[PDB]
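Text of the file work23.tsv, holding TSV, C-alpha atoms and all ligand atoms:
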```tsv
chain	number	residue	atom	x	y	z
A	1	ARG	CA	-58.29	44.00	14.66
A	2	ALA	CA	-54.64	42.82	15.06
A	3	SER	CA	-51.94	43.62	12.50
A	4	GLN	CA	-49.79	40.74	13.82
A	5	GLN	CA	-51.45	38.16	16.02
A	6	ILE	CA	-47.95	36.74	16.76
A	7	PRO	CA	-45.42	39.56	17.12
A	8	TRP	CA	-41.76	39.04	16.34
A	9	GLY	CA	-40.77	38.68	19.98
A	10	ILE	CA	-43.29	35.90	20.59
A	11	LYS	CA	-41.97	34.01	17.57
A	12	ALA	CA	-38.43	34.55	18.84
A	13	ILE	CA	-39.09	33.29	22.37
A	14	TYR	CA	-41.01	30.31	21.00
A	15	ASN	CA	-38.23	29.77	18.42
A	16	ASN	CA	-40.84	29.28	15.73
A	17	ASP	CA	-41.14	31.66	12.76
A	18	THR	CA	-44.48	30.15	11.82
A	19	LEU	CA	-46.12	29.94	15.25
A	20	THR	CA	-49.89	30.45	14.98
A	21	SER	CA	-50.88	30.62	18.61
A	22	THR	CA	-49.27	30.35	22.03
A	23	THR	CA	-50.16	28.08	24.97
A	24	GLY	CA	-49.50	27.57	28.63
A	25	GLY	CA	-49.45	29.15	32.03
A	26	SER	CA	-52.57	27.66	33.58
A	27	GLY	CA	-52.89	28.31	37.33
A	28	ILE	CA	-49.93	30.72	37.50
A	29	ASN	CA	-50.64	34.31	38.45
A	30	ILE	CA	-48.64	37.10	36.85
A	31	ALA	CA	-48.89	40.24	39.00
A	32	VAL	CA	-48.17	43.07	36.58
A	33	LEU	CA	-47.17	46.03	38.79
A	34	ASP	CA	-47.58	48.92	36.38
A	35	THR	CA	-49.87	51.72	35.23
A	36	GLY	CA	-52.95	49.51	35.45
A	37	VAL	CA	-54.46	47.38	32.70
A	38	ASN	CA	-57.47	47.84	30.34
A	39	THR	CA	-59.84	45.33	31.99
A	40	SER	CA	-62.20	44.98	29.08
A	41	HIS	CA	-59.60	44.45	26.37
A	42	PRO	CA	-60.80	41.51	24.25
A	43	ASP	CA	-57.46	39.79	24.52
A	44	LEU	CA	-57.08	40.19	28.30
A	45	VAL	CA	-60.60	39.92	29.71
A	46	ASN	CA	-60.46	36.12	29.94
A	47	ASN	CA	-57.37	36.28	32.16
A	48	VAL	CA	-58.13	39.22	34.48
A	49	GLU	CA	-58.33	37.86	37.98
A	50	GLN	CA	-57.30	40.70	40.31
A	51	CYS	CA	-57.48	44.46	39.75
A	52	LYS	CA	-56.14	46.66	42.55
A	53	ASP	CA	-54.79	50.20	42.89
A	54	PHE	CA	-51.86	51.11	45.13
A	55	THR	CA	-51.62	54.78	44.05
A	56	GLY	CA	-54.54	56.20	46.02
A	57	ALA	CA	-55.39	57.62	49.43
A	58	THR	CA	-55.92	54.25	51.03
A	59	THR	CA	-54.38	50.96	49.96
A	60	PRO	CA	-55.00	48.65	48.35
A	61	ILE	CA	-58.12	49.90	46.56
A	62	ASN	CA	-59.87	46.80	45.25
A	63	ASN	CA	-61.63	46.48	41.92
A	64	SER	CA	-59.75	49.48	40.48
A	65	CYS	CA	-56.77	49.35	38.17
A	66	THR	CA	-57.54	51.63	35.23
A	67	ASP	CA	-54.81	52.18	32.71
A	68	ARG	CA	-54.77	55.70	31.23
A	69	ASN	CA	-51.25	55.36	29.88
A	70	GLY	CA	-51.01	52.12	27.88
A	71	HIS	CA	-47.74	50.87	29.32
A	72	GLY	CA	-49.39	48.44	31.80
A	73	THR	CA	-51.86	47.10	29.26
A	74	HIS	CA	-49.07	46.62	26.77
A	75	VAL	CA	-46.89	44.73	29.26
A	76	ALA	CA	-49.79	42.55	30.31
A	77	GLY	CA	-50.55	41.59	26.73
A	78	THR	CA	-46.99	40.48	26.05
A	79	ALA	CA	-47.07	38.22	29.09
A	80	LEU	CA	-50.50	36.66	28.73
A	81	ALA	CA	-52.85	37.94	25.99
A	82	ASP	CA	-54.91	34.97	24.85
A	83	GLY	CA	-56.14	35.92	21.36
A	84	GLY	CA	-59.57	36.80	22.70
A	85	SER	CA	-62.73	34.73	22.80
A	86	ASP	CA	-62.87	35.02	19.01
A	87	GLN	CA	-59.23	34.10	18.48
A	88	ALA	CA	-58.81	37.27	16.43
A	89	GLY	CA	-56.49	39.09	18.82
A	90	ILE	CA	-52.76	38.86	19.75
A	91	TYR	CA	-51.15	36.19	21.82
A	92	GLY	CA	-48.72	36.59	24.69
A	93	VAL	CA	-46.25	34.10	26.00
A	94	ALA	CA	-48.48	32.41	28.63
A	95	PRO	CA	-52.05	32.88	27.41
A	96	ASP	CA	-53.58	30.61	30.02
A	97	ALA	CA	-52.05	32.47	33.01
A	98	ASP	CA	-54.01	34.65	35.39
A	99	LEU	CA	-53.48	38.41	35.47
A	100	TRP	CA	-53.25	40.34	38.71
A	101	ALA	CA	-53.27	43.95	37.49
A	102	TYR	CA	-51.74	46.02	40.32
A	103	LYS	CA	-51.54	49.73	39.57
A	104	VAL	CA	-48.39	51.06	41.22
A	105	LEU	CA	-47.48	53.76	38.69
A	106	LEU	CA	-49.40	56.97	38.17
A	107	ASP	CA	-50.85	57.65	34.75
A	108	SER	CA	-47.65	59.52	33.91
A	109	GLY	CA	-45.69	56.25	34.09
A	110	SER	CA	-43.88	57.20	37.27
A	111	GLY	CA	-44.56	55.70	40.71
A	112	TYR	CA	-43.67	56.15	44.37
A	113	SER	CA	-41.49	53.58	46.07
A	114	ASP	CA	-43.78	53.01	49.05
A	115	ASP	CA	-46.66	52.15	46.69
A	116	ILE	CA	-44.51	49.74	44.71
A	117	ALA	CA	-43.29	48.07	47.91
A	118	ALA	CA	-46.84	47.75	49.21
A	119	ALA	CA	-47.95	46.03	46.03
A	120	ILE	CA	-44.97	43.61	46.04
A	121	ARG	CA	-45.88	42.58	49.59
A	122	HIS	CA	-49.60	42.37	48.78
A	123	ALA	CA	-48.90	40.10	45.76
A	124	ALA	CA	-46.96	37.82	48.11
A	125	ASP	CA	-49.69	37.89	50.69
A	126	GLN	CA	-52.24	36.99	48.00
A	127	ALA	CA	-50.07	34.13	46.76
A	128	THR	CA	-49.99	32.84	50.34
A	129	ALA	CA	-53.71	33.42	50.97
A	130	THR	CA	-54.81	31.68	47.78
A	131	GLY	CA	-52.20	28.90	47.88
A	132	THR	CA	-51.35	29.67	44.24
A	133	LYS	CA	-47.93	30.24	42.48
A	134	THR	CA	-47.26	33.87	41.64
A	135	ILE	CA	-44.79	35.85	39.54
A	136	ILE	CA	-44.28	39.57	40.14
A	137	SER	CA	-43.45	41.36	36.93
A	138	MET	CA	-42.03	44.90	37.27
A	139	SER	CA	-41.46	46.89	34.07
A	140	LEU	CA	-40.12	49.77	36.13
A	141	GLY	CA	-37.05	50.89	38.01
A	142	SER	CA	-34.70	53.57	39.20
A	143	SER	CA	-30.88	54.02	39.27
A	144	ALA	CA	-31.15	54.12	43.05
A	145	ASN	CA	-31.84	51.10	45.32
A	146	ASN	CA	-34.84	51.97	47.50
A	147	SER	CA	-34.89	49.94	50.73
A	148	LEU	CA	-38.66	49.77	50.92
A	149	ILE	CA	-38.74	48.00	47.56
A	150	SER	CA	-35.79	45.85	48.40
A	151	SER	CA	-37.20	44.64	51.62
A	152	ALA	CA	-40.51	43.94	49.86
A	153	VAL	CA	-38.73	41.89	47.21
A	154	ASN	CA	-37.07	39.84	49.94
A	155	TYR	CA	-40.40	39.35	51.68
A	156	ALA	CA	-42.04	38.13	48.48
A	157	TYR	CA	-39.18	35.85	47.55
A	158	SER	CA	-39.48	34.28	51.06
A	159	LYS	CA	-43.20	33.52	50.44
A	160	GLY	CA	-42.23	31.64	47.24
A	161	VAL	CA	-42.95	34.38	44.68
A	162	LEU	CA	-40.74	34.79	41.64
A	163	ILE	CA	-39.67	38.41	40.88
A	164	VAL	CA	-38.83	39.55	37.37
A	165	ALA	CA	-37.87	43.17	36.63
A	166	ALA	CA	-36.55	45.36	33.88
A	167	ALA	CA	-32.84	46.12	33.65
A	168	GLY	CA	-33.59	49.73	32.70
A	169	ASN	CA	-33.14	51.84	29.59
A	170	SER	CA	-29.98	53.80	30.48
A	171	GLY	CA	-27.51	51.82	28.38
A	172	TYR	CA	-25.14	51.01	26.95
A	173	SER	CA	-22.46	52.12	29.42
A	174	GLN	CA	-21.24	49.69	32.06
A	175	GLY	CA	-23.01	49.88	35.33
A	176	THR	CA	-26.30	51.39	34.24
A	177	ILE	CA	-28.57	48.57	35.55
A	178	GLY	CA	-31.30	49.83	37.85
A	179	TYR	CA	-33.35	48.57	40.75
A	180	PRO	CA	-35.28	46.46	41.55
A	181	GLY	CA	-33.74	44.52	38.66
A	182	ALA	CA	-30.23	44.73	40.17
A	183	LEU	CA	-31.32	43.06	43.42
A	184	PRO	CA	-29.99	39.51	43.96
A	185	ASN	CA	-33.57	38.23	44.50
A	186	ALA	CA	-34.94	39.77	41.25
A	187	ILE	CA	-34.39	38.53	37.69
A	188	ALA	CA	-33.07	41.49	35.69
A	189	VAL	CA	-34.17	41.45	32.06
A	190	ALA	CA	-32.21	42.97	29.20
A	191	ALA	CA	-33.77	43.96	25.86
A	192	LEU	CA	-33.04	42.36	22.51
A	193	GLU	CA	-33.80	43.92	19.17
A	194	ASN	CA	-34.70	42.01	16.02
A	195	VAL	CA	-31.21	42.24	14.56
A	196	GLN	CA	-28.46	39.61	14.41
A	197	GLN	CA	-24.86	40.34	15.36
A	198	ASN	CA	-22.15	37.77	16.01
A	199	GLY	CA	-24.60	35.08	15.05
A	200	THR	CA	-27.17	35.91	17.75
A	201	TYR	CA	-29.87	38.43	18.59
A	202	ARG	CA	-28.43	41.80	19.48
A	203	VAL	CA	-28.90	43.59	22.78
A	204	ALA	CA	-30.51	46.99	22.17
A	205	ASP	CA	-28.26	50.00	22.76
A	206	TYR	CA	-30.66	51.48	25.31
A	207	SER	CA	-30.71	48.36	27.52
A	208	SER	CA	-29.01	49.03	30.84
A	209	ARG	CA	-25.73	47.12	31.43
A	210	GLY	CA	-24.44	45.38	34.51
A	211	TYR	CA	-20.90	45.26	35.85
A	212	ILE	CA	-17.71	43.59	34.60
A	213	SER	CA	-16.46	42.31	37.91
A	214	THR	CA	-19.39	40.05	38.73
A	215	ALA	CA	-20.30	38.98	35.18
A	216	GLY	CA	-19.14	35.64	33.85
A	217	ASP	CA	-19.70	33.13	36.59
A	218	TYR	CA	-23.37	32.24	35.80
A	219	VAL	CA	-24.23	33.13	39.41
A	220	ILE	CA	-26.34	36.21	40.12
A	221	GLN	CA	-24.96	38.86	42.41
A	222	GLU	CA	-26.26	42.40	42.92
A	223	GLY	CA	-25.87	44.34	39.69
A	224	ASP	CA	-26.01	41.38	37.29
A	225	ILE	CA	-28.19	41.07	34.23
A	226	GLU	CA	-29.82	37.64	34.11
A	227	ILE	CA	-32.19	36.97	31.11
A	228	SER	CA	-32.42	38.70	27.69
A	229	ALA	CA	-35.71	38.86	25.79
A	230	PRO	CA	-37.33	40.84	22.96
A	231	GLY	CA	-37.84	44.49	23.87
A	232	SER	CA	-37.56	46.69	20.77
A	233	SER	CA	-40.52	47.37	18.51
A	234	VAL	CA	-43.03	45.20	20.43
A	235	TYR	CA	-46.68	45.16	19.33
A	236	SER	CA	-49.13	44.54	22.16
A	237	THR	CA	-52.52	45.45	23.69
A	238	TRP	CA	-53.34	49.12	24.43
A	239	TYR	CA	-55.34	50.92	27.05
A	240	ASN	CA	-58.20	52.25	24.98
A	241	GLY	CA	-58.54	49.21	22.78
A	242	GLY	CA	-56.57	48.19	20.19
A	243	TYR	CA	-52.84	47.74	19.99
A	244	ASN	CA	-49.61	49.75	19.90
A	245	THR	CA	-45.89	49.33	19.41
A	246	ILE	CA	-43.42	50.56	22.04
A	247	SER	CA	-39.86	49.62	23.00
A	248	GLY	CA	-37.86	49.07	26.13
A	249	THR	CA	-36.72	46.71	28.82
A	250	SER	CA	-40.30	47.22	29.93
A	251	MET	CA	-41.34	45.09	26.93
A	252	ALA	CA	-38.61	42.50	27.47
A	253	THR	CA	-39.65	41.89	31.09
A	254	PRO	CA	-43.10	40.36	30.38
A	255	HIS	CA	-41.61	38.02	27.78
A	256	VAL	CA	-39.61	36.56	30.66
A	257	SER	CA	-42.35	36.60	33.24
A	258	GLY	CA	-44.68	34.95	30.70
A	259	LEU	CA	-42.03	32.36	29.91
A	260	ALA	CA	-41.59	31.73	33.63
A	261	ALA	CA	-45.35	31.22	33.96
A	262	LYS	CA	-45.37	28.81	31.04
A	263	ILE	CA	-42.53	26.81	32.59
A	264	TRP	CA	-44.05	26.86	36.09
A	265	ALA	CA	-47.35	25.64	34.73
A	266	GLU	CA	-45.70	22.61	33.46
A	267	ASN	CA	-43.71	21.98	36.14
A	268	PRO	CA	-45.92	23.19	38.98
A	269	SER	CA	-44.18	21.59	41.92
A	270	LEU	CA	-41.00	23.77	41.50
A	271	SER	CA	-40.03	26.25	44.13
A	272	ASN	CA	-39.29	29.81	42.98
A	273	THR	CA	-35.62	29.05	43.29
A	274	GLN	CA	-35.91	25.91	41.19
A	275	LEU	CA	-37.96	27.78	38.59
A	276	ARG	CA	-35.35	30.48	38.57
A	277	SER	CA	-32.67	27.82	37.94
A	278	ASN	CA	-34.68	26.32	35.05
A	279	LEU	CA	-34.96	29.76	33.47
A	280	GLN	CA	-31.24	30.37	33.98
A	281	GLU	CA	-30.36	27.09	32.32
A	282	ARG	CA	-32.67	27.89	29.34
A	283	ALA	CA	-30.89	31.20	28.98
A	284	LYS	CA	-27.44	29.74	29.32
A	285	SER	CA	-28.17	27.37	26.43
A	286	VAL	CA	-28.80	30.38	24.08
A	287	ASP	CA	-25.72	32.57	24.46
A	288	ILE	CA	-26.22	36.17	23.32
A	289	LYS	CA	-23.10	37.69	21.72
A	290	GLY	CA	-24.39	40.81	19.93
A	291	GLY	CA	-24.42	44.36	21.23
A	292	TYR	CA	-22.02	46.48	23.26
A	293	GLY	CA	-20.48	44.44	26.09
A	294	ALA	CA	-21.93	41.17	24.83
A	295	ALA	CA	-19.48	38.26	24.83
A	296	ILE	CA	-19.15	34.51	24.74
A	297	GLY	CA	-20.71	33.24	27.96
A	298	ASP	CA	-22.40	35.14	30.76
A	299	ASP	CA	-21.92	38.85	30.18
A	300	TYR	CA	-22.99	42.23	31.51
A	301	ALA	CA	-25.07	43.16	28.41
A	302	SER	CA	-27.24	40.05	28.07
A	303	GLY	CA	-26.72	38.05	31.25
A	304	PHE	CA	-26.84	34.32	30.89
A	305	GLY	CA	-28.53	34.45	27.49
A	306	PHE	CA	-31.97	34.26	25.86
A	307	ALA	CA	-34.33	31.86	27.56
A	308	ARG	CA	-36.58	30.20	24.97
A	309	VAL	CA	-39.35	27.53	24.86
B	401	CA	CA	-55.20	32.39	40.08
B	402	CA	CA	-48.97	56.67	47.47
B	403	CA	CA	-31.20	40.87	39.90
B	404	CA	CA	-22.40	37.01	38.57
B	405	CA	CA	-23.09	36.07	26.11
```

Show this structure as C-alpha cells.
Amino acid sequence: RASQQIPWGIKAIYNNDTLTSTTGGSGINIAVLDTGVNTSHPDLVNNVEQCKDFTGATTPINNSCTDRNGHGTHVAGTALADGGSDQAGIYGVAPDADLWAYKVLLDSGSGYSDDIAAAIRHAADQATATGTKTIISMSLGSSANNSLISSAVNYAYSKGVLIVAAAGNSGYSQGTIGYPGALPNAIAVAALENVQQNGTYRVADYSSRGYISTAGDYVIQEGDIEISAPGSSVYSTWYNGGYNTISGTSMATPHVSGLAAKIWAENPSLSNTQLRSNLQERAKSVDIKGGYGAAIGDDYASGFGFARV
C-alpha cells in the first residue's frame, strides 16, 4: 500500500539513507492542531488517543475530528505514523508517540483564530490534567499576530507544553515569517527541499524568512526562524486512505514536532525549555547554508540549522 515506507525527509532527519523503520516517542503526546485526522488510517490508528473538534457550535466537541481535506492526516503521519499493525505502511519520526487530533481548521484548510486559541489552551489543560508531556504542532499561520493565539501560546508554554509551528510559505523575501511561528515562545520551522547547495540541504524558495537584525545570535526573538526540516515533496498518510505527496512548511513542522517527541521520550525529565534547548543545539550542529538568505551560522532562512537524530 505504500510507495515509500521511509520517505526522503524521514531518512534525512534520521541521517540514514538505508533506514528501514523509525522508533521513539513513547508517552509523549503530539497535539496536531489542523484539519482533523483520518482516525481509521492503518498507520495512525494505533496512536490515536484524543480526537476533538474546535470548529463547531460548542467547544470542544469530543470524539469528533474528521479530516475531509488531507492536510491534517498528512501532517500527523509525518510526525508519528507507525507502519501499521502489519508493518506495511509508512513511518513518521516518532512512531510510538500519542496523537491528539484537534480540528481547528475548516475543511477548506483555513481556521478562525478563536478556535485555534481555544485548542492551544485545551491541549495545555489536557497535558496538566493527565500529567503527561505534550507538544503542540501547528502547521498553520497568518502574516498577522493574533493576540488570542499569542496569549494561548503563552498559557500553554507556562503549563510546560512545547509549541512548534510553521514559518509560513510566503518566501523568500526577508520578513515574511508568520504567526504563531514568529512568537518567541513558538519554534518556527523552515522547509528544506531535497537539493544540496553550499554543501548542505537547501531551504525551499517558498519558505517564509525571518529578519536580518535579530538573526545570528542563536537566541530566539520575535520574528526568528529556529529549526529547518524537510518540507518539499513529502509523502504521508491521507484522509481517505492511502497516501499523498504535498509540500510546505506545513510538512516541515511535524518533522520537528516528531523529533521533539522522540527526544523528550528519551529524556523524559526535561522541561519544555530544556527540550527546546536540546533541539536548538541539535540544529546548531547541522548548519544550513543553501537557499536565499542562508549563511554560515544562525540565519533568517534556516534558523539555527537542521536538527537531526
Ligand atoms: Ca498520552
Ligand atoms: Ca468557531
Ligand atoms: Ca518563534
Ligand atoms: Ca535571534
Ligand atoms: Ca546557516

Please identify every polymer residue within 9 Å of ligand CA 403 (chain B), using all atoms listed in the file, and present the set as number ranges by chain. A: 163-165, 167, 179-189, 220-226

Those residues with C-alpha atoms, as a PDB file, in the frame of the given file please?
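Generated file (part_24.pdb):
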```pdb
ATOM      1  CA  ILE A 163     -39.670  38.410  40.880  1.00  0.00           C
ATOM      2  CA  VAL A 164     -38.830  39.550  37.370  1.00  0.00           C
ATOM      3  CA  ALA A 165     -37.870  43.170  36.630  1.00  0.00           C
ATOM      4  CA  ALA A 167     -32.840  46.120  33.650  1.00  0.00           C
ATOM      5  CA  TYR A 179     -33.350  48.570  40.750  1.00  0.00           C
ATOM      6  CA  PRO A 180     -35.280  46.460  41.550  1.00  0.00           C
ATOM      7  CA  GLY A 181     -33.740  44.520  38.660  1.00  0.00           C
ATOM      8  CA  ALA A 182     -30.230  44.730  40.170  1.00  0.00           C
ATOM      9  CA  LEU A 183     -31.320  43.060  43.420  1.00  0.00           C
ATOM     10  CA  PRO A 184     -29.990  39.510  43.960  1.00  0.00           C
ATOM     11  CA  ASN A 185     -33.570  38.230  44.500  1.00  0.00           C
ATOM     12  CA  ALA A 186     -34.940  39.770  41.250  1.00  0.00           C
ATOM     13  CA  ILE A 187     -34.390  38.530  37.690  1.00  0.00           C
ATOM     14  CA  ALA A 188     -33.070  41.490  35.690  1.00  0.00           C
ATOM     15  CA  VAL A 189     -34.170  41.450  32.060  1.00  0.00           C
ATOM     16  CA  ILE A 220     -26.340  36.210  40.120  1.00  0.00           C
ATOM     17  CA  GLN A 221     -24.960  38.860  42.410  1.00  0.00           C
ATOM     18  CA  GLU A 222     -26.260  42.400  42.920  1.00  0.00           C
ATOM     19  CA  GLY A 223     -25.870  44.340  39.690  1.00  0.00           C
ATOM     20  CA  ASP A 224     -26.010  41.380  37.290  1.00  0.00           C
ATOM     21  CA  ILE A 225     -28.190  41.070  34.230  1.00  0.00           C
ATOM     22  CA  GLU A 226     -29.820  37.640  34.110  1.00  0.00           C
TER      23      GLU A 226
END
```

How would you write, as a ChimeraX atom specification, the set of residues no farther than 8 Å from ligand CA 402 (chain B) when counting only C-alpha atoms and all ligand atoms? /A:54-57,112,114-115

Let me make sure I understand: among A:307, A:252, A:219, A:195, which one has the smallest atom-to-atom distance to ligand CA 404 (chain B) if we use only C-alpha atoms and all ligand atoms? A:219

Please identify the residues whose atoms come within 6 Å of ligand CA 401 (chain B), using all atoms listed in the file, and report them as a VMD selection string. chain A and resid 27 29 98

Could you give me, as a tab-separated table, every segment 152-251 of chain A residue with an atom at most 10 Å from segment 293-296 of chain A, plus its closest atom pair and distance in Å to one decimal, counting only C-alpha atoms, rows ordered by chain then number?
```
residue	atom	partner	partner_atom	distance
A:172	CA	A:293	CA	8.1
A:173	CA	A:293	CA	8.6
A:174	CA	A:293	CA	8.0
A:197	CA	A:294	CA	9.9
A:198	CA	A:295	CA	9.2
A:202	CA	A:294	CA	8.4
A:203	CA	A:294	CA	7.7
A:209	CA	A:293	CA	8.0
A:210	CA	A:293	CA	9.4
A:211	CA	A:293	CA	9.8
A:212	CA	A:293	CA	9.0
A:216	CA	A:296	CA	9.2
```

Identify which of the residues A:243, A:100, A:201, A:155 lies closest to ligand CA 405 (chain B), counting all atoms listed in the file when measuring atom-to-atom distances.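 Selected residue with least distance to ligand CA 405 (chain B): A:201.
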
For the interface of chain A with ligand CA 405 (chain B) (cut-off 12 Å, counting only C-alpha atoms and all ligand atoms), please tabulate each contacting residue of chain A alongside its nearest pair of atoms and their separation in Å to one decimal, rows sorted by chain and increasing number, as CSV.
```
residue,atom,partner,partner_atom,distance
A:190,CA,B:CA405,CA,11.8
A:197,CA,B:CA405,CA,11.7
A:198,CA,B:CA405,CA,10.3
A:199,CA,B:CA405,CA,11.2
A:200,CA,B:CA405,CA,9.3
A:201,CA,B:CA405,CA,10.4
A:202,CA,B:CA405,CA,10.3
A:203,CA,B:CA405,CA,10.1
A:215,CA,B:CA405,CA,9.9
A:216,CA,B:CA405,CA,8.7
A:217,CA,B:CA405,CA,11.4
A:218,CA,B:CA405,CA,10.4
A:225,CA,B:CA405,CA,10.8
A:226,CA,B:CA405,CA,10.6
A:227,CA,B:CA405,CA,10.4
A:228,CA,B:CA405,CA,9.8
A:283,CA,B:CA405,CA,9.6
A:284,CA,B:CA405,CA,8.3
A:285,CA,B:CA405,CA,10.1
A:286,CA,B:CA405,CA,8.3
A:287,CA,B:CA405,CA,4.7
A:288,CA,B:CA405,CA,4.2
A:289,CA,B:CA405,CA,4.7
A:290,CA,B:CA405,CA,7.9
A:291,CA,B:CA405,CA,9.7
A:292,CA,B:CA405,CA,10.8
A:293,CA,B:CA405,CA,8.8
A:294,CA,B:CA405,CA,5.4
A:295,CA,B:CA405,CA,4.4
A:296,CA,B:CA405,CA,4.5
A:297,CA,B:CA405,CA,4.1
A:298,CA,B:CA405,CA,4.8
A:299,CA,B:CA405,CA,5.1
A:300,CA,B:CA405,CA,8.2
A:301,CA,B:CA405,CA,7.7
A:302,CA,B:CA405,CA,6.1
A:303,CA,B:CA405,CA,6.6
A:304,CA,B:CA405,CA,6.3
A:305,CA,B:CA405,CA,5.8
A:306,CA,B:CA405,CA,9.1
```

List the residues sitting within 10 Å of (-57.8, 37.2, 23.5) in the file's frame, using all atoms listed in the file, as a compact mmCIF listing (two decimals) with C-alpha atoms, in the frame of the given file.
```txt
# COMPACT_ATOMS: atom_id res chain seq x y z
CA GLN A 5 -51.45 38.16 16.02
CA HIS A 41 -59.60 44.45 26.37
CA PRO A 42 -60.80 41.51 24.25
CA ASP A 43 -57.46 39.79 24.52
CA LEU A 44 -57.08 40.19 28.30
CA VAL A 45 -60.60 39.92 29.71
CA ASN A 46 -60.46 36.12 29.94
CA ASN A 47 -57.37 36.28 32.16
CA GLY A 77 -50.55 41.59 26.73
CA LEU A 80 -50.50 36.66 28.73
CA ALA A 81 -52.85 37.94 25.99
CA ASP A 82 -54.91 34.97 24.85
CA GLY A 83 -56.14 35.92 21.36
CA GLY A 84 -59.57 36.80 22.70
CA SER A 85 -62.73 34.73 22.80
CA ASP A 86 -62.87 35.02 19.01
CA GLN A 87 -59.23 34.10 18.48
CA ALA A 88 -58.81 37.27 16.43
CA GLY A 89 -56.49 39.09 18.82
CA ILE A 90 -52.76 38.86 19.75
CA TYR A 91 -51.15 36.19 21.82
CA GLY A 92 -48.72 36.59 24.69
CA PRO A 95 -52.05 32.88 27.41
CA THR A 237 -52.52 45.45 23.69
```

Using all atoms listed in the file, pick whichever of A:253, A:150, A:21, A:247 has the shortest atom-to-atom distance to residue 194 of chain A.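 Nearest candidate to residue 194 of chain A out of A:253, A:150, A:21, A:247: A:247.
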
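Of the listed residues A:270, A:51, A:105, A:94, the one whose atoms come nearest to residue 257 of chain A is A:94, with distances taken using only C-alpha atoms.
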
Contacts of residue 97 of chain A at 6 Å (only C-alpha atoms; same-chain gap of 6+ positions) as a list in words: residues 25, 26, 28 and 29 of chain A

From the list A:104, A:79, A:177, A:99, which residue is nearest residue 262 of chain A when using only C-alpha atoms?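 Among A:104, A:79, A:177, A:99, it is A:79 that comes nearest to residue 262 of chain A.
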
Taken to one decimal, the atom CA of residue 35 of chain A-atom CA of residue 68 of chain A distance is 7.5 Å

Within 7 Å of residue 66 of chain A, counting all atoms listed in the file, which residues show up once you throw out same-chain ones fewer than 6 positions away? Write them as a compact mmCIF listing (two decimals) with C-alpha atoms, in the frame of the given file, please.
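The file below, out-v4.txt, is the result:
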```txt
# COMPACT_ATOMS: atom_id res chain seq x y z
CA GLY A 36 -52.95 49.51 35.45
CA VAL A 37 -54.46 47.38 32.70
CA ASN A 38 -57.47 47.84 30.34
```

Taking into account all atoms listed in the file, which residue in the set A:280, A:20, A:236, A:146 is nearest to ligand CA 404 (chain B)?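 Comparing A:280, A:20, A:236, A:146 against ligand CA 404 (chain B), the winner is A:280.
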
Work out how far atom CA of residue 123 of chain A is from atom CA of residue 7 of chain A, in Å to one decimal. 28.9 Å

With the input short on atoms, add N, CA and C atoms back to segment 56-69 of chain A and write it as a short mmCIF file (atom, residue, chain, number, x, y, z; two decimals), in the frame of the given file.
```
data_model
loop_
_atom_site.label_atom_id
_atom_site.label_comp_id
_atom_site.auth_asym_id
_atom_site.auth_seq_id
_atom_site.Cartn_x
_atom_site.Cartn_y
_atom_site.Cartn_z
N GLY A 56 -53.57 55.30 45.43
CA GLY A 56 -54.54 56.20 46.02
C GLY A 56 -54.40 56.42 47.50
N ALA A 57 -55.44 57.07 48.09
CA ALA A 57 -55.39 57.62 49.43
C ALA A 57 -55.48 56.59 50.52
N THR A 58 -55.97 55.43 50.22
CA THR A 58 -55.92 54.25 51.03
C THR A 58 -55.41 53.11 50.14
N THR A 59 -55.00 52.02 50.73
CA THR A 59 -54.38 50.96 49.96
C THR A 59 -54.60 49.60 50.59
N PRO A 60 -54.73 48.56 49.78
CA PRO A 60 -55.00 48.65 48.35
C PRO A 60 -56.43 49.16 48.18
N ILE A 61 -56.77 49.62 46.99
CA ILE A 61 -58.12 49.90 46.56
C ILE A 61 -58.53 48.78 45.63
N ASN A 62 -59.42 47.94 46.02
CA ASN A 62 -59.87 46.80 45.25
C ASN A 62 -60.77 47.20 44.10
N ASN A 63 -60.76 46.36 43.08
CA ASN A 63 -61.63 46.48 41.92
C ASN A 63 -61.42 47.82 41.23
N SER A 64 -60.16 48.22 41.15
CA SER A 64 -59.75 49.48 40.48
C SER A 64 -58.34 49.32 40.02
N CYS A 65 -58.09 49.53 38.71
CA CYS A 65 -56.77 49.35 38.17
C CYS A 65 -56.69 50.01 36.78
N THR A 66 -57.36 51.12 36.58
CA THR A 66 -57.54 51.63 35.23
C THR A 66 -56.26 52.20 34.66
N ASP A 67 -55.93 51.69 33.46
CA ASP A 67 -54.81 52.18 32.71
C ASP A 67 -55.23 53.36 31.85
N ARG A 68 -54.56 54.51 32.03
CA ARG A 68 -54.77 55.70 31.23
C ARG A 68 -53.53 56.03 30.42
N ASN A 69 -52.53 55.16 30.45
CA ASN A 69 -51.25 55.36 29.88
C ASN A 69 -51.05 54.45 28.65
#
```
